[PDB]
Structures are given as C-alpha cells and as structure tokens.
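These notes are about the structure you will find just below.
Residue numbers (PDB author numbering), protein chains in the order written: chain W, 1 to 85; chain V, 59 to 116.
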C-alpha cells in the first residue's frame, strides 16, 4: 500500500518548536535595530546640558558636580546672612 | 510425455495448458491513484520546500 503523506506536510513545525516564537520576536527586533543608538544625552548646549557633559556623563561618578552644587547653596544663604544682618 | 505409456491425456493437458496459457490478465491500476497521490504529495512537498527555503534566508 502507498506511503502516507506526513513527511511533506509542514506548517505545524512553523509553530511546532519554541524558537519560532523567538524568531518572530527578533525578526522584528533585529531589523528595527539601529547601528548605534539614537543619542545617549550628554550635552545639547542649553548651557546646563554642558554641566551634564562635564559632570553627569555616563562614566562620571566624580564628586565634582556635588561639590559645585553644594558650594552654590553656601553662596546663596551666605549672601542672605548679609540680607538679614 | 514419452515416459507415459497411457498417453492420451498428455495431449489433453498439454493443449489445455497451452490454451489457457494466459492464466491471468494484466492489471495496471497505478495510473489513476498514483497521479492523484502524486499531486497532493507534490503540492505539499513544494509548499514545505519553498516555505523553509524562505525561512532559512529570513
């Protein structure tokens, strides 16, 4: 009797394995990926984006904006001492 | 036949065998079913082939 037709019916091996699910994710995801990002934000020259550029970089954990920002509040109230005295 | 000494039956069965020498007539029935089967099979095979070829390049 003639061989049956199972080997040639493939359309439930298109969901049949788990990486089909992953495939339909990364055919979208990686295809819509850019070569490099859009932009990281670091500066924009609003003149305080420069503050971010010098101090608040991705790799700058350096305490300098803190010191500067602290010193700003010291400059503020010290003048206000002379506003009240 | 030359063994038998009662020979008047060897001519009977010789001629009967050679008369009915076609003892069965031909069958070719695989020409209606094989083409039908081949169509569904071919269709399905090609569908699979094109589908997976596309997926490979994808």
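Note that beta-carbon positions come from the ideal geometry of N, C-alpha and C, so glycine has one too.
Only counting the same chain, and skipping five residues up and downstream in sequence, which positions put a Cβ closer than 8 Å to that of residue 40 of chain W? In the first chain, counting from the first residue as 1, residue 40 of chain W sits at position 40. Within the same chain, residue 40 of chain W has close Cβ partners 58.
Report the residue from V:69, V:96, V:65, V:61 whose alpha carbon sits nearest the alpha carbon of residue 2 of chain W. Mapped onto the first chain, residue 2 of chain W falls at position 2. Here the closest residue by C-alpha is V:96.
Residues of chain W with CB under 7 Å from residue 102 of chain V, in chain order? Here residue 102 of chain V is taken as the residue at index 44 of the second chain, counted from 1. For the C-beta of residue 102 of chain V, the chain W residues within less than 7 Å are, from N- to C-terminus, 5, 8, 9.
Cβ of residue 2 of chain W less than 8 Å from any chain V Cβ? Reading the first chain from its first residue, position 2 is the one you call residue 2 of chain W. Yes, its Cβ sits closer than 8 Å to a Cβ of chain V.
Rounded straight-line distance, which links the Cα of residue 60 of chain W to that of residue 79 of chain W: For the purposes of this step, residue 79 of chain W is identified with residue 79 of the first chain, where counting begins at 1. For the purposes of this step, residue 60 of chain W is identified with residue 60 of the first chain, where counting begins at 1. Rounded to the nearest angstrom, the gap between the Cα atoms of residue 79 of chain W and residue 60 of chain W is 31 Å.
Which residues of the region 26-56 of chain W have a Cβ closer than 8 Å to any Cβ of chain V? Give them in chain order. Listed by position, the residues of the region 26-56 of chain W near chain V (Cβ gap below 8 Å) are 27.
If we cut at 8 Å on Cβ distances, does residue 65 of chain V have a partner in chain W? Walking along the second chain from the start, residue 65 of chain V turns up at place 7. Residue-level contact check: residue 65 of chain V does not touch chain W, since none of the beta carbons of chain W fall below 8 Å from its beta carbon.
With respect to the alpha helix (DSSP H) encompassing residue 28 of chain W, which residues constitute its N-terminal and C-terminal limits? Along the first chain, one-based indexing puts residue 28 of chain W at 28. Element bounds for residue 28 of chain W: 19-29.
I believe residue 10 of chain W touches residue 109 of chain V by the beta-carbon criterion, under 8 Å. Please report the beta-carbon distance rounded to the nearest angstrom. Translated into positions along the first chain, residue 10 of chain W becomes position 10. Translated into positions along the second chain, residue 109 of chain V becomes position 51. Residue 109 of chain V and residue 10 of chain W do touch by the CB rule: their CB atoms are close to 7 Å apart, below 8 Å.
Less than 8 Å between CB atoms is the rule here; does residue 114 of chain V satisfy it with respect to chain W? Position 56 of the second chain holds residue 114 of chain V. Contacts with chain W at 8 Å (Cβ-Cβ) do not include residue 114 of chain V.
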